[PDB]
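Below is one structure; the comments refer to it alone.
Protein chains in written order, with the entry's author numbering: chain D, 2 to 144; chain C, 2 to 144; chain h, 674 to 690; chain g, 674 to 690; chain G, 3 to 127; chain U, 3 to 347, 357 to 377; chain v, 23 to 141, 151 to 338, 383 to 494.
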């Protein structure tokens with residue numbers, strides 16, 4: 002039972018609940034951390050920035066697996082199907098480790114362009130029989 | 002930081018600067034040496050002269066690599082595309098030893114015929130991120 | 674090495690002597 | 674014959690005795 | 003049914019080829035395993051002289067010390083093996099040490115227990 | 003780089019398959035060549051008993067006498083080979099002949115020079131030690147003993163190792179000192195093989211034997227010390243008990259005991275760890291051929307191997323059609339081919364000896 | 023134009039041309055498990071092959087060209103191949119054919135396949160041994176005998192006793208941790224028997240070099256550089272003191288042969304100490320690099336655990396040490412150009428070149444060391460994983476640059492990151 006990543010104003014921070022930080026033991030935290038943390042870009046990949054710096058985590062060489070996803074490569078893109086296909090592939094490769102383990106059964110992800118200027122991903126993970134009912138929420142805005 | 006080769010009257014030589022000879026630590030001297038020193042011709046090549054001596058260096062059997070370029074085979078050529086193709090190939094072969102190491106990333110060389118009687122060679126390298134700024138000069142004439 | 678390993682392993686039945 | 678030639682050649686490290 | 007080699011410090015589970023031998027016409031049972039690792043990794047848990055214990059599934063087959071470790075690599079292949087015998091095989095190639103070379107009136111079990119004392123092997127009758 | 007076999011009378015240059023062997027763990031170097039000739043021609047110059055000299059390029063590798071010549075032919079193929087060893091191999095299978103079996107007070111070099119006189123082999127002594135030249139208080143010869151057997155017994159007692167030179171001589175060789183070549187995994191290796199077994203290496207070797215009581219020492223040595231002699235050499239690579247007791251080979255003192263016990267320990271060390279490599283060129287980096295007794299620097303770090311320097315122990319040159327030019331070079335640690343006096347890297360005499368031991372090219376005081 | 027030449031023999035390209043060759047892989051599949059291992063060993067050769075055709079309407083010039091191309095295809099060695107698809111390259115033949123259909127009166131069709139043609152730190156101890164041997168030979172050769180009762184013998188005896196005293200002080204400083212009783216007794220005997228050694232030159236030099244090697248035999252890789260530096264300073268004091276007084280009315284009283292026998296001994300002792308110091312520095316560099324190599328670089332999950384001198388760690392320290400060694404050895408060579416000339420100088424120059432090259436290459440690692448400009452202060456772990464890809468060697472990044480607290484790597488200064 003770890004802390005929960007609560008999404009407010011486009012970024013996710015921990016929050017209190019009564020006495021201590023609110024807790025959560027489900028796939029929600031695992032998914033929202035494995036999807037929205039920048040992992041190291043490959044040597045051949047091009048970067049959205051004009052710089053030459055690839056993100057990651059100093060502890061990637063201490064945990065047997067790269068931490069997060071490469072969705073930061075699509076920081077600046079125009080509305081073309083190439084970006085949609087690339088986002089689908091990046092999400093699949095980021096969430097594959099769950100299916101490699103036994104914690105999910107199947108993954109089906111689709112990408113679409115909603116109302117002009119909206120990249121939309123629908124990700125469906127098939128939890129097995131013994132999995133606990135996962136957390137569910139909606140990002141909120143304030144101030 | 003070796004001596005720099007300065008071109009005057011269509012021939013190159015070292016030069017003085019203040020107290021002693023001017024220095025250079027860049028790719029300019031390496032390129033102007035690897036391109037404009039005659040290396041040994043093969044056994045089957047037809048020399049431009051009517052002679053049968055293949056120019057080279059007595060240190061070619063002491064320096065682990067042939068010294069220069071075979072651009073001297075085109076001393077007397079007419080205006081045909083074959084000479085342009087051969088010059089492009091010879092420059093590529095002369096300068097590929099840089100790309101074999103990590104000193105340049107890519108090489109793009111083209112050959113053309115500018116204003117009548119001109120063999121124009123355009124060689125564009127791609128220095129890596131850490132290479133020092135190369136020297137800069139133009140050929141000069143006097144007297 | 675079928676016999677070459679039986680020498681390095683024990684042999685309660687002596688090969689010689 | 675890998676060993677069968679080491680006998681016909683010398684062996685400054687004795688094999689027996 | 004996994005073959006685990008309890009080398010000095012940690013477990014080793016996956017193997018490429020296992021060959022274990024046991025017999026009553028012998029004083030030891032030798033084992034030979036084949037390991038495969040990327041070129042450059044450290045193989046120090048499998049070194050000659052380490053104290054090994056082979057455990058097939060949940061049961062122990064052999065226990066003793068590691069004897070040999072071969073590493074080879076050619077233009078198109080790479081092979082690493084490892085060997086070893088029981089701790090009872092320590093007696094086979096080690097010279098017997100006793101103070102008085104003569105036992106006057108002793109039985110075979112007592113002679114064996116007096117001879118296998120310095121090494122560590124336990125005699126069973 | 004042509005292999006010319008100077009037989010009796012004339013040269014022979016072209017060959018179909020060549021295999022030459024050399025080592026310091028042996029007293030001879032054997033060769034085997036293949037000859038293809040039209041069926042019916044004469045191959046007399048290549049006959050058993052002829053005096054041969056093998057010459058690779060312009061340098062001589064082996065010299066001696068031809069041993070065997072095989073000729074076979076079937077319904078499809080036909081094959082002729084030829085063999086031979088050094089002239090030092092003339093001692094291996096020939097019984098030693100001397101008038102009086104016993105040598106009273108002689109050194110190993112003098113005994114060898116007296117035993118290898120009738121055949122023609124010349125003895126060469128390279129060690130500059132002060133204890134390897136110690137004379138034998140008495141050395142007898144078992145009747146019907148080969149020169150190889152007698153000299154190997156004496157060399158084992160002294161700790162020295164005997165070997166055959168490249169010119170046919172006998173040599174009491176000295177291990178190399180300076181690292182001359184480099185073998186790395188990434189540049190000049192086609193195949194490596196690193197075997198490291200511990201089925202023979204023990205912890206404490208100890209040798210026991212009988213003291214000297216014949217003649218002059220018989221009026222001095224008491225009864226108990228005649229039988230009570232001992233010597234010990236301990237290894238630090240095996241951490242278990244693992245002892246070994248050796249019954250000596252001849253009359254033995256304490257210093258002699260430790261000498262053989264160490265010789266045994268170092269021979270086991272050499273025989274345990276073995277490196278094997280297949281390089282592409284017969285010639286070395288400088289240009290000469292590959293020969294035994296050379297100290298090379300091993301840089302096989304890509305395969306996680308922590309050895310840094312080794313000594314070549316066996317070199318075999320090959321000229322097969324499927325192989326091309328190859329030479330399979332085998333390596334063993336240098337500390338296995340040393341004399342008990344020297345070591346791998357109490358007075359004025361000790362300091363001077365240390366200086367003249369570090370600098371071998373200098374002339375000792377003697 | 024579809025024209026290509028082998029050994030400057032022309033042909034016209036025809037139907038087929040191809041190239042092939044990839045990575046050599048070893049593919050092992052582990053039984054009773056899903057996963058398998060795949061490893062790369064080098065790159066396969068390029069097996070480029072092509073087809074060509076030679077036709078001429080003369081029906082005899084075609085035969086001549088076909089024969090010329092046959093002769094140029096079967097020839098020793100490797101020859102250049104010009105091809106529109108491949109370009110100029112050096113290759114060796116493997117096979118060909120000349121299938122003509124006995125109806126096509128002018129047509130000859132070759133097909134060829136071709137392959138490309140095949141094209151310090153370990154040398155310091157040997158040079159140290161050679162330099163020590165040359166110095167010993169020079170000393171014995173130039174040492175001269177003197178009368179027993181004169182003041183020259185007294186001066187020589189005092190100088191030799193002082194040299195032995197310096198070596199003894201070094202051994203006594205060594206002996207705080209170890210047992211040096213045997214070497215101390217040998218040195219005491221040598222000091223006691225000085226008058227015998229003065230008359231015999233070979234024994235004196237041999238014993239002195241043996242004593243130096245005995246001192247070297249007690250020093251670990253930790254204390255070797257420090258002890259040899261102290262000995263070098265001690266001998267440098269004496270050499271400078273005895274060489275600064277060249278011409279004086281009181282120096283005129285001293286005997287000439289005694290002064291020569293003292294100057295040669297002083298120079299030889301100094302040079303030997305400096306050579307051992309340089310060899311010790313190279314060995315310390317080797318030990319430091321082995322310590323760095325000890326650590327792994329592969330991504331491994333952590334597990335619960337239950338069971383070089385400091386002057387050679389930083390980079391500016393290595394620069395200063397290299398400067399000191401170069402200046403000292405250059406001065407020693409300049410001195411050897413006079414007293415004790417010949418190989419002594421030739422050998423010291425070679426040793427200095429080898430040692431300086433070793434220090435410049437391995438100590439500074441100028442090949443794979445980048446210089447970066449941090450925009451803000453970062454921990455060494457982050458600042459190294461950002462530039463290299465592995466945070467395993469985060470200690471070396473904080474140590475080479477001389478940082479005290481590894482967390483606060485200074486922001487706006489150049490950082491030497493090893494890739």
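All residues carry an ideal CB built from backbone N, CA and C; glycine is no exception.
Spatial neighbours of residue i within its chain, please: CB distance less than 8 Å, with the 5 preceding and 5 following residues excluded, ordered by chain position.
i                    : result
residue 90 (chain U) : 29, 30, 66, 123, 166, 167, 170, 171 and 172
residue 39 (chain G) : 45 and 82
Less than 8 Å between the beta carbons of residue i and residue j, yes or no?
i                     : j                     : result
residue 484 (chain v) : residue 450 (chain v) : no
residue 415 (chain v) : residue 295 (chain v) : yes
residue 306 (chain v) : residue 159 (chain v) : yes
residue 336 (chain U) : residue 346 (chain U) : yes
residue 163 (chain U) : residue 103 (chain U) : no
residue 84 (chain G)  : residue 56 (chain G)  : no
residue 280 (chain U) : residue 297 (chain U) : no
residue 202 (chain v) : residue 289 (chain v) : no
residue 459 (chain v) : residue 441 (chain v) : no
residue 447 (chain v) : residue 492 (chain v) : yes
Residues in its own chain within less than 7 Å of residue i by CB, not counting five upstream and five downstream?
i                    : result
residue 50 (chain G) : 68, 69, 70 and 71
Tell me which same chain residues have a C-beta within less than 6 Å of the C-beta of residue i, skipping the five on either side of it?
i                     : result
residue 392 (chain v) : 386
residue 250 (chain U) : 209 and 211
residue 36 (chain v)  : 73, 74 and 75
Of the choices the options, whose alpha-carbon is the least far from that of residue i?
i                     : options                       : result
residue 303 (chain U) : U:189, U:288, U:117 and U:46  : U:189
residue 109 (chain U) : U:187, U:60, U:174 and U:196  : U:174
residue 16 (chain G)  : G:53, G:5 and G:120           : G:5
residue 181 (chain U) : v:111, v:157 and v:466        : v:157
residue 263 (chain U) : U:315, U:206 and U:10         : U:206
residue 52 (chain C)  : C:89, C:127, C:74 and C:97    : C:74
residue 118 (chain U) : U:137, U:139, U:101 and U:149 : U:149
residue 355 (chain U) : U:221, U:101, U:95 and U:24   : Gap in chain U between 347 and 357; residue 355 (chain U) lies inside it and carries no coordinates.
residue 86 (chain D)  : D:97, D:120 and D:96          : D:120
residue 168 (chain v) : v:240, v:390 and v:96         : v:240
residue 92 (chain C)  : C:37, C:48, C:67 and C:9      : C:37
residue 321 (chain v) : v:383, v:175 and v:311        : v:383
Can you round the beta-carbon distance between residue i and residue j to whole angstroms, since I take them to be within the 8 Å contact cut?
i                     : j                     : result
residue 113 (chain v) : residue 139 (chain v) : 7 Å
residue 86 (chain G)  : residue 33 (chain G)  : 6 Å
residue 133 (chain D) : residue 27 (chain D)  : 6 Å
residue 103 (chain v) : residue 136 (chain v) : 6 Å
residue 76 (chain v)  : residue 33 (chain v)  : 5 Å
residue 20 (chain C)  : residue 5 (chain C)   : So it is not a contact: roughly 15 Å between Cβ atoms.
residue 97 (chain U)  : residue 147 (chain U) : 7 Å
residue 105 (chain U) : residue 138 (chain U) : 7 Å
residue 39 (chain D)  : residue 57 (chain D)  : 7 Å
Does the beta carbon of residue i fall short of 7 Å from some heavy atom of the ligand SAM?
i                     : result
residue 112 (chain C) : Because no ligand of any kind appears in the structure shown, any question about the ligand SAM cannot be addressed here.
Inset, instruction - Run through the stretch 202-241 of chain v for me and flag every whole alpha helix (DSSP H) of 4 or more residues, listed as ranges in chain order. - result: 212-223 and 225-230
Inset, instruction - At 3 residues or longer, and completely inside the stretch 192-235 of chain U: list those beta strand (DSSP E) runs for me, N to C. - result: 194-199 and 206-210
Legend entry - Complete alpha helix (DSSP H) runs within the stretch 126-195 of chain U (minimum length 4 residues, chain order): Counting only runs of 4 or more, we get 149-160.
Legend entry - Unbroken stretches of the beta strand (DSSP E), 3 residues or longer, contained in the stretch 89-137 of chain v: 101-103 and 111-117
Legend entry - Ordered list of beta strand (DSSP E) runs contained in the stretch 31-115 of chain G, each at least 3 residues: 33-37, 53-58, 61-67, 70-75 and 80-88
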